[PDB]
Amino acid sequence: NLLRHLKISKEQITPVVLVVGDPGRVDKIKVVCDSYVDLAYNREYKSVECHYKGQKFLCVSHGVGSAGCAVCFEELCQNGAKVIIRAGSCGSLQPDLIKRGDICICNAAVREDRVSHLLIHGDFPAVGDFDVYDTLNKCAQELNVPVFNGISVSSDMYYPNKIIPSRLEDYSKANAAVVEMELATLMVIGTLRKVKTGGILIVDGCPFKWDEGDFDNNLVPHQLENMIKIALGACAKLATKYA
């Protein structure tokens, strides 16, 4: 009776789920909660049940990239999840404004994947749910953590080559705030499946400035802590509606 990739049962799926890319990040989140229960670890998908401020919700890793995260999101969305919040990292597309360590809460995303397009026509928007977005912003100000807001580029390409020009500069000029690899996919899947979604992200560098060393995948520790508390806060607040 188990889900194919998450290897947990439908009965173990909570109304609220916090997803992250890195399985290691699940272990850092779970030790911040009041208690947890380890559930499964299959491939890159690590699932834990988090207990926080009297509420119960899953934390699950989805892996790097849209195709792999989509299998995670589908398994969640078709088996009872109502709210999914991604807490991720990102690169900055506004290096004058948004620096390594900064936190962005994103309402919408650029669909530079394939899987969303195999689900719905390209003209359809990757947009998060306002309530999820609103509660992430509200927790951040309650915790007195400055955050940015904007659009994320969700791109399937991490290492550009020099044949086809990358569109990242185009999107920067179009006022996209940040870039990562999974948010647009989450948003689209959630819209199609009537699941509310949201996204909060921590800058790990600037892809325009990698050749200058503007990169470190060791996330700024006090900001990673801040982001986590914001995410956990939002999840508990949203979970109360369904408990």
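All residue numbers refer to positions in the sequence shown, first residue = 1.
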Unresolved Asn218 in a third or more of other entries flanked by modelled residues:
yes
So 57 to 65 or 211 to 219, which one's hotter by mean CA B-factor in the entry?
211 to 219
Which has the higher mean CA temperature factor in the PDB entry, 39 to 47 or 174 to 182?
39 to 47
When the entry's CA B-factors for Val127, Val83, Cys72, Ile98 are compared, the highest one belongs to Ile98
By the recorded C-alpha temperature factor, relative to the other modelled residues in its chain, which third is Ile29 in?
highest
Can you tell me which third, lowest, middle or highest, the CA B-factor of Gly122 falls into for its chain?
lowest
Entry-reported C-alpha B-factor of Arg114 relative to its chain, by third, is lowest
Classify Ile189 as lowest, middle or highest third according to the C-alpha B-factor given in the PDB entry, relative to its own chain.
lowest
Is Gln94 in the lowest, middle or highest third of its chain when residues are ranked by C-alpha B-factor?
middle
